[PDB]
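This document contains two forms of one protein chain, each encoded as structure tokens and listed individually as structure 1 and structure 2.
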Structure 1
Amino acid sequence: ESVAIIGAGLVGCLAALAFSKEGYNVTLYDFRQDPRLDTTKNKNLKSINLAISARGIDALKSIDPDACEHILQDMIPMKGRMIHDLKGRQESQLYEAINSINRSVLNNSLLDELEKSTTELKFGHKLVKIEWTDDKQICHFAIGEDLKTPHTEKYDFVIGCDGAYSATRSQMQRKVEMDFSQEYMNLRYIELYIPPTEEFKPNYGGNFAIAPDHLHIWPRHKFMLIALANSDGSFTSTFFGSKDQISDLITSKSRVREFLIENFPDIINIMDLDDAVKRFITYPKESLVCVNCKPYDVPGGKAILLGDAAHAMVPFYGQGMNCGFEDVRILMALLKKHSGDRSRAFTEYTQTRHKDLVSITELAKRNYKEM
């Protein structure tokens, strides 16, 4: 059986690994170029690192335990949160724990695992149309941003792992009556950077400016800053705030700078303030979108949506990667239970996963709106 998987993000790569392990003929499509190549300048990394949970790790394990051990070997386990107040005082609240994993390492290592299998990788291919039939599904692509060269191929089924703006989802809406909602959040995030120290810190076991084994949080009124360690001693830092508040700041350089100094006085010693200012000013104005569907599948086991394609969530308050990895594990178990009958498996997936998904996404959304 052949399957076309649309989207080579974290979820798409895991799904491709899972299905190739079960002996399927997998073709993995993404319109981006291969991020492993130095000629690829846009890596499409939404964040440098991620918080992976016990569920997320377990999902990876059940699909390929040897690969999981290899892929996660440099993850950094957190023992608690470190709350920084307005005066820069840090309080340690030991853990619901999470570990820091590098996004590009995770994505690229999964791609590497796929190349040890029969999986066919097709970068630079943009899905534009699917023709649904009772047999094979005809997928139409456009190759390249300039030429948009046509490519077509038939598959037994299609897996939509093409993110919040899923082209597969839209194709499926023509075939089945899908309940669907998209909502643009007022939330904006800005990626910041805490460089590694020059000198090795024996108490931290590396060149870290603050404790590498704590999730750092600067909680404030209607906004917050966080920091999560990387392997090289630096921290990936993120500012979360409303688009209006951010717009009201980026009018002048001095306004942003003063804002940072006033609210996060202890980050001055460890972060390049002027670089931080540029990041506020030149940050992508694209809104975060939350989605929900029902159903997740086309009857007859012809297609299924996983990851952000099926349930894009509010960041921080929701855990999209861990949830998406769990999508894959749950799907594969249903396929096992039904001896490969995708029609029953995909149908039961929708029937049992939807209720859990809506619960999770609503909680994440409700919590962000309570700020």
Structure 2
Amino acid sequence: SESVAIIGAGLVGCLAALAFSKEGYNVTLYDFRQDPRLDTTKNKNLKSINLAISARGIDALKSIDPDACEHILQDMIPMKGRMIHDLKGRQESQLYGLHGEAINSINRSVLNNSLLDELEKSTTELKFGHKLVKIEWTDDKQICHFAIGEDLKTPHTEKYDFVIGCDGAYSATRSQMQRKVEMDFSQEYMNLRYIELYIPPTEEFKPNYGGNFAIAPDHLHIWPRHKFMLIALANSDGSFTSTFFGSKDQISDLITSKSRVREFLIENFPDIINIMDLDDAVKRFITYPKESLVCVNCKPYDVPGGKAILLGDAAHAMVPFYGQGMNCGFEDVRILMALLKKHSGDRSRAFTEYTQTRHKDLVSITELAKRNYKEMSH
């Protein structure tokens, strides 16, 4: 009957809620955003249209609800390797070897909404429009303060036995913990910026691709260039979500004129005009929201009395593409629930061991992602 407040309803917070729901906790899930499932919610906070979910990501979901997981991952698209497109438009297929991990394309909106639908079926209370503003820590029940609704009111308070921060890279929960526990902490803002482009489905079925795909759906497509990159991952309807990645200065330098963007696109990626509308590409490029990307590390991840813990981007936000934040966050949840099961529900011991065993793995995954990016960008 122990109570837990889970701060943040992104991918990792929903998975965590589903996790704790099923173990028999009374879960309340909070997020300052409105419900993304609602027609009236205009900003769905989707950092990307699709994602590469790996074997670890998949397993973690499977270990929490195999029956729903089957239907949740129904329309994912398995990848067999990477397809490299050189400057001349030549394509080379590079299949996934004995060091590389296999991945699947899945739609972000569909995953996150489907998790919310499983939560709706569970005992979990969903509280949208609730912004965590403060935690009062005690040796029994932590006091959470929220503000509600626009000119944010005051959801008075509620008390919970413990708190899980899944509140993203800018975690309010994390700051509150820092006032209670000496936390080693770093934040590094990357030079990276990304822009989403669109490759439409073909008009006709393409028998050799098994759908209306302009290029091969079973490859992650990559156009590697000097300090920048284009990628494309298939969507269910035959389209591809394409993403351009480079330094902010390069991008800021390009978007000063539409013809400069266009010529840049034609000169690099010449095989893209056969499958993409250049004018729509130029407009997307110039107007796609500029988003800061921060990388963080924490130690420890927990407040000592088993009172709180940080999972997902709140704990270890990393470089996109070179790192896999969602997969790592899913793995976070799987690892924590096994530790709770192992210690018969003893939070104090479980959270403590999580920090002792997880930190070294995460320092490594996140440093490797930083290093792989650093090398590309220099």
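All residue numbers here refer to structure 1's sequence, counted from 1. For the two forms, the rigid core is made up of the largest set of C-alpha atoms that agree within 1.5 Å on superposition.
Shifts of 2 Å or more at the CA atom, core superposed, between structure 1 and structure 2: which of the listed residues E177, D146, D244, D134 is the one?
It is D146.
Could you check how much the CA of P295 shifts between structure 1 and structure 2 after a rigid core fit, in angstrom?
So the C-alpha of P295 has moved 0.5 Å between structure 1 and structure 2.
Hey, core superposed, how many Å does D272 shift at the CA between structure 1 and structure 2?
Comparing between structure 1 and structure 2 after core fitting, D272 shifts 1.5 Å at its C-alpha.
Quick one: how many Å does the C-alpha of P284 shift between structure 1 and structure 2 once the rigid core is superposed?
Comparing between structure 1 and structure 2 after core fitting, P284 shifts 2.1 Å at its C-alpha.
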